[PDB]
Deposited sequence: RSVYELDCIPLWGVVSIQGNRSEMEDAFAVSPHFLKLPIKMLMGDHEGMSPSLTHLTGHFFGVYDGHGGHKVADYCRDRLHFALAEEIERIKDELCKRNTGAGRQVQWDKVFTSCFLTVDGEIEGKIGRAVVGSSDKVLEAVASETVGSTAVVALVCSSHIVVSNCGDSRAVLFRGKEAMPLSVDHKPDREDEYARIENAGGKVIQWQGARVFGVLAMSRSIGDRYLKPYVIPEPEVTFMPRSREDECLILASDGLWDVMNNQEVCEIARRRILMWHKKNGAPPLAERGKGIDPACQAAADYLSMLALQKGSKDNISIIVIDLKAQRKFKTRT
């Protein structure tokens, strides 16, 4: 599994940059006992490398998104260290891991969880940003086995398989039927104030941070454990600065056509150097997707990670 990705993250017409992203290739050594079950076929196969992608669309300030960029994947790695101590079910197992990981991060942002120190002493306990600051997070683990998506907010991950775009997450919007009921069963109110908004303020029902709207806006994520298929083309993570102006289906096809177009003109690149850094054809598609979003008129921050899932083209 050689990771092929490209990224573009731009401020656009916004006065502040509050989108952030993180790519970490070869980050984790997922134990095979967490992906599939042995059958009749590789004794040497005991762990499997996972690559990390995350996009974080902050709101109210940048420090929560920046924190997610700098910390979320180490949080997740630690939670997978705790399950390496042992002591189907895999779907629920991943559900827990990412639920814990996002909850751990949310608490550190809020200042309710001590953050580790480098001098091996008392874990610093302090809020990372103000009360009104927050951030979406959509996160992808890709290994040769499976794709695992963990979503919290209205950033989105769309899988292009065959010819069908398949969103790997549902937007956490306040007018979504199940979220509307959940926010009232918590004592909160949703109103229509230039969009569905919790108490007329926040236009999303889930997030990282947003202390002042606990326990209405929660950091519990939707997690999807998806087996890979030979017909998978690409996986896209983005903030809504793209999706607000572009259809899931179209985004996914443009990405593919741009990757194909690149390989037609230049061929493949040296297999030795594939993997370390951005893939030119993935880069060229993220570059093309982002310029379309601007000229379609997106006035938001726009952040796109394009991931090519084909071994060969």
Taking the deposited sequence as numbered from 1, list the residue ranges that were left without C-alpha coordinates. 1-7, 48, 96-101, 328-333
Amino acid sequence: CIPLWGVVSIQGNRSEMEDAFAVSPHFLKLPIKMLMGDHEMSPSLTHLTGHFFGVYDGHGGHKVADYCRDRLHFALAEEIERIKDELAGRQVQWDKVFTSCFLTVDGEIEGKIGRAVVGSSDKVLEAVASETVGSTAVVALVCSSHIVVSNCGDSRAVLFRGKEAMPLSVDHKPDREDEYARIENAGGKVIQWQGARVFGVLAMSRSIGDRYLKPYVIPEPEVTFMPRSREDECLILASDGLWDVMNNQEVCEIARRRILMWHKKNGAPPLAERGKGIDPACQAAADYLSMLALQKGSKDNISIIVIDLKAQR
From here on, numbers count along this sequence of modelled residues.
Going by the B-factors listed in the PDB entry, is the mean over the C-alpha atoms higher for 114-122 or for 184-192? 114-122
Decide which of the stretches 76-84 and 134-142 has the higher mean C-alpha B-factor, going by the entry. 76-84
In terms of recorded Cα temperature factor, pick the maximum from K63, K33, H263, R257. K33
Specify which of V245, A268, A285, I278 carries the largest Cα B factor in the deposited PDB entry. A268
Please place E233 in the lowest, middle or highest third of its chain according to the CA B-factor in the PDB entry. lowest
CA B-factor ranking of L213, expressed as a third of its chain: middle
Quick check on the deposited entry: does the C-alpha B-factor of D38 sit in the lowest, middle or highest third of its chain? highest
When the deposited Cα B-factors of this chain's modelled residues are ordered and cut into thirds, is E273 in the lowest, the middle or the highest one? highest
Check where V8 lands among this chain's C-alpha B-factors and tell me if it's the lowest, middle or highest third. lowest
